[PDB]
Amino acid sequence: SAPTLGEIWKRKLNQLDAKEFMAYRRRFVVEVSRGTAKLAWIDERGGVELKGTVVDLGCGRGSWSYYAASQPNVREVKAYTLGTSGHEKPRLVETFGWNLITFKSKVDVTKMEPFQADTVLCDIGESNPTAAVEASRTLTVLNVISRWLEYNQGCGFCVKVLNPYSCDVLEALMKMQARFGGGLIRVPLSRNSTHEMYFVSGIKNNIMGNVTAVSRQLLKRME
């Protein structure tokens, strides 16, 4: 049922006008950066142990990196993002832990050699009206992340899954869970206009069931 229900949600979402979309997207949603709040939520729930060498793949402005850099078990943060035309570039600030981060823009992380890391973070996935476009980008991220997880036996991880209801993606996630453990969670701070979920090392759950539960929740909210 998962692809059917998420696909229904997507087609219904795309039928909303500007006013309906704006009202729908915040309905019952919890709530400085959105990025910070989401990683903080996952961290406080025990979704991911932030420790040692943290990689932040697709760091954009870098909220996750600054979050990670302020945590007691983190030793360094290596942050990477495209930062090319019309893509977010890291925003340097003077907050606690800033000196632990190395930001590198102008890097396509899908083409980077994995290296040593104790925690793998990745928040790549831009919403697109076409669910199949989102599935393809999601698959690409998961394939890249699998190489990192293979290279770093036992590392912690927290990975955005932009479209988790697509059948190919579900099978990909089950395979990652079979290989690396972990589970798939919905952050209640996510807006109703995205079906994004997070593949995390700290929580071990029923992936397909959680996805379906999120589809049914987001559909009910649109009713």
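The numbering used is simple: start at 1 and walk along the sequence shown.
- Going from residue 31 to residue 32, you skip over 10 or more residues of the deposited sequence that the entry leaves unmodelled.
- Note on 66-74 vs 50-58: mean CA B-factor is higher in 66-74.
- Mean CA B-factor, 100-108 versus 81-89: the higher value falls on 81-89.
- For the set 119, 153, 143, 130, the PDB entry assigns the largest Cα B-factor to 153.
- Note on the listed residues 38, 179, 45, 195: the highest Cα temperature factor in the record is that of 45.
- Among the modelled residues of its chain, residue 18 has a C-alpha B-factor that falls in the middle third according to the deposited record.
- For residue 2, the recorded CA temperature factor ranks within the highest third of the chain's modelled residues.
- Per the PDB record, residue ranking by Cα B-factor puts residue 208 in the highest third of the chain.
- When the CA B factors of the chain's modelled residues are split into thirds, the value for residue 126 lands in the middle one.
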